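Asker:
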Amino acid sequence: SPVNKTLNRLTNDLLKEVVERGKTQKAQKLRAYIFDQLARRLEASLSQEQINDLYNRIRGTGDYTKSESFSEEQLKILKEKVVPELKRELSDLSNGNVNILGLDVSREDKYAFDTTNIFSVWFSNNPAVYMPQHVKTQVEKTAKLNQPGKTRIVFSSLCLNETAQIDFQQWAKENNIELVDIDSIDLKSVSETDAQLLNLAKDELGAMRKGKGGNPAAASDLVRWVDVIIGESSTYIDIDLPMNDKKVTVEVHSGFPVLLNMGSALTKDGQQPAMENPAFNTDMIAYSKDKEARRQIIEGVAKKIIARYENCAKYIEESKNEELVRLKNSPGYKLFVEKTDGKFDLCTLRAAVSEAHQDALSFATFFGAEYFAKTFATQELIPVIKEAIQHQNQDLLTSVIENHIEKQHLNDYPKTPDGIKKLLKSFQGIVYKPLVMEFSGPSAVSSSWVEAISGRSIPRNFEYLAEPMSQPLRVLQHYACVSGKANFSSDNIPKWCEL
Numbered sequence: 112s113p114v115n116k117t118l119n120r121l122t123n124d125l126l127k128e129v130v131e132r133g134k135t136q137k138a139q140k141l142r143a144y145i146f147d148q149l150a151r152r153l154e155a156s157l158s159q160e161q162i163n164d165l166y167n168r169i170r171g172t173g174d175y176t177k178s179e180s181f182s183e184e185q186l187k188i189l190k191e192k193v194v195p196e197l198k199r200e201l202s203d204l205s206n207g208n209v210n211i212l213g214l215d216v217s218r219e220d221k222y223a224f225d226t227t228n229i230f231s232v233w234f235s236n237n238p239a240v241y242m243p244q245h246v247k248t249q250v251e252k253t254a255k256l257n258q259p260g261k262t263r264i265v266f267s268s269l270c271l272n273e274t275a276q277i278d279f280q281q282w283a284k285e286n287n288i289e290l291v292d293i294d295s296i297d298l299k300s301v302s303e304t305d306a307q308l309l310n311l312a313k314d315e316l317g318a319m320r321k322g323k324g325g326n327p328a329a330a331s332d333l334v335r336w337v338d339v340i341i342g343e344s345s346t347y348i349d350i351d352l353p354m355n356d357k358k359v360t361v362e363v364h365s366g367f368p369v370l371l372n373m374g375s376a377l378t379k380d381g382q383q384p385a386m387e388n389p390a391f392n393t394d395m396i397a398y399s400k401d402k403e404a405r406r407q408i409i410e411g412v413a414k415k416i417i418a419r420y421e422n423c424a425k426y427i428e429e430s431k432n433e434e435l436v437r438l439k440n441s442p443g444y445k446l447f448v449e450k451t452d453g454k455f456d457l458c459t460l461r462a463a464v465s466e467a468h469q470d471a472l473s474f475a476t477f478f479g480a481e482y483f484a485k486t487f488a489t490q491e492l493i494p495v496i497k498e499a500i501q502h503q504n505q506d507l508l509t510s511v512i513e514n515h516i517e518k519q520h521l522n523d524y525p526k527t528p529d530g531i532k533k534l535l536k537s538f539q540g541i542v543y544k545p546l547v548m549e550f551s552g553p554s555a556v557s558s559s560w561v562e563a564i565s566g567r568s569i570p571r572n573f574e575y576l577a578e579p580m581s582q583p584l585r586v587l588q589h590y591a592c593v594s595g596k597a598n599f600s601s602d603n604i605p606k607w608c609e610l
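At position 253 of the sequence shown (counting the first as 1) the number is 364 in the authors' numbering, and the numbers step up by one without a gap.
(1) Contact check, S331 vs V250 under 8 angstroms by CB: the rounded distance?
(2) Within its chain, find whatever has a CB closer than 7 angstroms to the CB of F234; leave out the 5 residues flanking it on each side and keep chain order.
(3) Ignore the nearest five residues each way along the sequence and tell me which others in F483's own chain have a CB closer than 6 angstroms to its CB.
(4) So, do the region 115-135 and the region 552-567 have three or more beta carbon pairs nearer to each other than 8 angstroms?
(5) Between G173, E200 and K284, which lies nearest to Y144 when the distance is taken from Cα to Cα?
(6) If I measure Cβ to Cβ from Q588 and keep anything under 6 angstroms in the same chain, skipping five residues before and after, which residues do I get?
(7) Mind checking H468: buried by the 16 CB within 10 Å criterion, or exposed?
(8) Cβ atoms of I348 and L370: under 8 angstroms apart, would you say?
(9) Within 10 angstroms of the Cβ of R263, are there 16 or more other Cβ atoms? Answer buried if so, exposed if not.
(10) Does the region 342-356 come close enough to the region 388-403 that 3 or more CB-CB pairs lie under 8 angstroms?
(11) Looking at the secondary structure, which residues open and close the beta strand (DSSP E) in which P389 lies?
(12) Which of helix, strand or coil does DSSP assign to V593?
(13) Are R168 and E154 touching if we call contact CB-CB under 8 angstroms?
(14) Whether or not the region 303-321 and the region 408-423 are in contact is what I'm after, with contact meaning three or more pairs of Cβ atoms, one per stretch, closer than 8 angstroms; do they touch?
(15) Work out the CA separation of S202 and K192 for me, nearest whole Å.
(16) Just to confirm my understanding: we take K358, look at its own chain, exclude 5 residues before and 5 after, and list those with CB closer than 6 angstroms. What are they?
(17) Less than 8 angstroms between the C-beta atoms of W336 and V216, yes or no?
(18) For the beta strand (DSSP E) holding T378, just list the boundary residues, first then last.
(19) By how many angstroms is the C-alpha of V586 removed from the C-alpha of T226?
(20) Could you pull out every residue in the same chain whose Cβ sits closer than 7 angstroms to the Cβ of residue 624, ignoring the five residues on either side in sequence?
(21) When we look at the beta-carbon of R571 and count the other beta-carbons within 10 Å, is it buried (16 or more) or exposed?
(22) For a test of the three-state rule: what should DSSP assign to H364, helix, strand or coil?
(23) Rounded to whole angstroms, what is the Cα-Cα separation between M242 and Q258?
(24) Specify the secondary structure class of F234 as computed by DSSP and reduced to three states.
(25) Could you tell me the distance, in whole angstroms, from the CA atom of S430 to the CA atom of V436?
(26) Any idea what DSSP makes of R571, helix, strand or coil?
(27) For the alpha helix (DSSP H) that contains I277, what are its first and last residues?
(28) Hey, is the region 368-387 in contact with the region 436-456, meaning 3+ C-beta pairs nearer than 8 angstroms?
(29) Less than 7 angstroms between C-beta atoms, sequence neighbours within five positions excluded: which residues of the same chain meet that for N388?
(30) According to DSSP, what are the bridge partners of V586?
(31) What residue from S465, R170 and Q503 has the CA that sits closest to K532's CA?
(32) Tell me which residue opens and which closes the alpha helix (DSSP H) that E289 is part of.
(33) Under 8 angstroms Cβ to Cβ from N514, same chain only, skipping five residues before and after it: list those, please.
(34) Tell me, please, whether the region 567-583 touches the region 127-139 by the rule of three or more beta-carbon pairs shorter than 8 angstroms.
(35) Sort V334, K247 and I408 by Cα distance to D292 and report the nearest one.
(36) To which residues of the same chain is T122 closer than 7 angstroms at the C-beta, ignoring the five residues directly before and after it?
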């Protein structure tokens, strides 16, 4: 077919220009991808009238007697619009430029990092315990292995008793650990944005103390971005990350002043190269000795987190997290929003979602009657659960869940009203975690990174490109993440190009 031959020899021309020299016969997948893209993008660029002429040209119908190749105006759109754009995507360094929070990723070793100064965060939820022994052994082992360097731990003394405070200070002097009290930082000596983060973290820990929705993992999320806690150059790690066998040089360099942990998952696409989905995480964050460039990134991260704390209702409306969409449409949330008039603390919301899982009537009224029936019985109980919510029949609804425990033969959950609380609390985790992760945690933080590589065709792992650094993900992997730049590893996200 004439049109086929043109698309094929056009494909082959493009392949030879974007593929490593000598490796064109290893790029059969890219060849299939270029051909497929040339065809789709051309049709997507033609008018209906031009699409109808091509159909007649391929069939050899209409003004045509035999199957013909493209009309010249079709060939121009192909050669001048379609082919040059696909070339740019495969082969142009400009297409690989990544700009995060107003700063380019250098393809150079532009920013220095101290790999030996490490810090973690532990905010205790029990004023008598300053740190669980399980966590203590992790830090102790990490501190000894991070020698000769420094190992710091961020804590909050207002969350501990005098006994716990003295014993933490004592444990640390004995274990080469510097302790950083966030309640001991003069916020007037500190940047406006650092002041905001620290205040926000204290309020979270304060609401935790009063059991009014606060959360220590959220406070840990905040303080990692605080400039004064980061100091001259440091790497945040989660307290449970293993140290590597061989350490990397005490100084390393990369092309961005803030290195998150990153990877990608590959799904095979058959004859065509694999789709690649990047994963971003804050279990490991390296910060540069360049403090002016780092200030630009961490303040941007902070301002955006603060934006979400200041407009909870708006961001929950706008989230595409499906657990937040379930929450957004629950009767409980709608009543919660009309009572607060849309103006509420994130902590107030968490507290409300926590109280929903306290008894059956709460759970029934908050997440609806239809859900209750489907979770613990069938649709047919709907009219009865609706009238039970409306008359606050606590006992009925406990009985129905108790009935669910025996029918589905749930022997880790007693039929005591306490056993119901246990069962409800096991469900809370899935509607509660996004009220930490989507505001202060990795998904919220990673927004800036995801935006930076957005508005494009779905990334792919093109094995044999002449110019890898035209692909944003390849720029990210080599110049914008901790991979190769830290003495720690993690299972929390895939490795790069993990199958």
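Beta carbons: idealized from backbone N, C-alpha and C, even for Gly.
Answerer: Per the coordinate set shown:
(1) Taking the sequence shown and counting its residues from 1, one reaches residue 331 at position 220. Taking the sequence shown and counting its residues from 1, one reaches residue 250 at position 139. Not a contact, Cβ separation roughly 14 angstroms.
(2) Along the sequence shown, read from residue 1 onward, the residue named residue 234 stands at position 123. Closer than 7 angstroms at Cβ, skipping near neighbours: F266, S267, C270, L316, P327, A330 and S331.
(3) The residue you call residue 483 lines up with position 372 of the sequence shown. So the qualifying residues of the chain are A475 and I496.
(4) Contact between the region 115-135 and the region 552-567 is absent, because fewer than three Cβ pairs lie under 8 angstroms.
(5) Within the sequence shown, residue 144 is the residue found at index 33, counting from 1. Ranked by Cα distance from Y144, the options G173, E200 and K284 are led by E200.
(6) Your numbering for residue 588 matches position 477 in the sequence shown. Within the same chain, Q588 has close Cβ partners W607.
(7) In the sequence shown, residue 468 corresponds to position 357, counting from 1. Classification of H468: buried, given that the 10 Å Cβ count is 16 or more.
(8) Taking the sequence shown and counting its residues from 1, one reaches residue 370 at position 259. Taking the sequence shown and counting its residues from 1, one reaches residue 348 at position 237. Not in contact: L370 and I348 (Cβ atoms no closer than 8 angstroms).
(9) The count along the sequence shown starts at 1 and reaches residue 263 at position 152. It counts as buried.
(10) yes
(11) Sequence index remark: in the sequence shown, residue 389 carries index 278 (1-based). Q383 to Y398 is the span of the beta strand (DSSP E), which, as asked, contains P389.
(12) Here residue 593 is taken as the residue at index 482 of the sequence shown, counted from 1. In the structure shown, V593 sits in coil (DSSP, three-state: anything other than H, G, I, E or B).
(13) Along the sequence shown, read from residue 1 onward, the residue named residue 168 stands at position 57. Along the sequence shown, read from residue 1 onward, the residue named residue 154 stands at position 43. Contact flag unset, no.
(14) yes
(15) For the purposes of this step, residue 192 is identified with residue 81 of the sequence shown, where counting begins at 1. For the purposes of this step, residue 202 is identified with residue 91 of the sequence shown, where counting begins at 1. Straight-line spacing of the CA atoms in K192 and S202 works out to 16 angstroms.
(16) The residue given as residue 358 occupies position 247 in the sequence shown. Within the same chain, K358 has close Cβ partners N598.
(17) Reading the sequence shown from its first residue, position 225 is the one you call residue 336. Reading the sequence shown from its first residue, position 105 is the one you call residue 216. Taking the C-beta atoms as reference points, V216 is found no nearer than 8 angstroms to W336.
(18) The residue you call residue 378 lines up with position 267 of the sequence shown. That run of the beta strand (DSSP E) goes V369 to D380.
(19) Stepping through the sequence shown from its first residue, residue 226 is reached at position 115. Stepping through the sequence shown from its first residue, residue 586 is reached at position 475. Distance from the CA atom of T226 to the CA atom of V586, rounded to whole angstroms, is 21 angstroms.
(20) No information on residue 624 is available, as it lies outside the stretch 112 to 610 that the chain covers here.
(21) Position 460 of the sequence shown holds residue 571. Result: buried.
(22) Residue numbering aside, residue 364 sits at position 253 when the sequence shown is read from its first letter. Strand at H364.
(23) The residue you call residue 242 lines up with position 131 of the sequence shown. The residue you call residue 258 lines up with position 147 of the sequence shown. Each residue's alpha carbon lies about 22 angstroms from the other.
(24) Counting from one through the sequence shown, the residue named residue 234 turns up at place 123. In this structure, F234 counts as coil in the three-state DSSP scheme.
(25) Counting from 1 along the sequence shown, the entry for residue 430 is found at position 319. Counting from 1 along the sequence shown, the entry for residue 436 is found at position 325. If I take the Cα positions, the gap works out to 7 angstroms.
(26) Along the sequence shown, one-based indexing puts residue 571 at 460. In the three-state reduction of the DSSP assignment, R571 falls in the strand class.
(27) Position 166 of the sequence shown, counting from 1, holds the residue named residue 277. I277 -> alpha helix (DSSP H) spans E273 to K284.
(28) Pairwise C-beta distances place the region 368-387 out of contact with the region 436-456, as fewer than three of them are shorter than 8 angstroms.
(29) In the sequence shown, residue 388 corresponds to position 277, counting from 1. If we look at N388 and ignore the five residues flanking it on each side, its Cβ neighbours are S375 and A376.
(30) The sequence position of residue 586 within the sequence shown is 475, counting from 1. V586 pairs with nothing; no bridge assigned.
(31) For the purposes of this step, residue 532 is taken as residue 421 along the sequence shown, with counting starting at 1. Measuring from the Cα of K532, the nearest candidate turns out to be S465.
(32) In the sequence shown, residue 289 corresponds to position 178, counting from 1. Careful: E289 lies outside any alpha helix (DSSP H), inside the beta strand (DSSP E) at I288 to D292.
(33) Reading the sequence shown from its first residue, position 403 is the one you call residue 514. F487 and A488.
(34) Yes: at least three Cβ pairs fall under 8 angstroms.
(35) Walking along the sequence shown from the start, residue 292 turns up at place 181. Of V334, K247 and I408, the residue nearest in Cα terms is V334.
(36) Here residue 122 refers to the residue found at position 11 of the sequence shown. The residues are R142, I145, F146 and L149.
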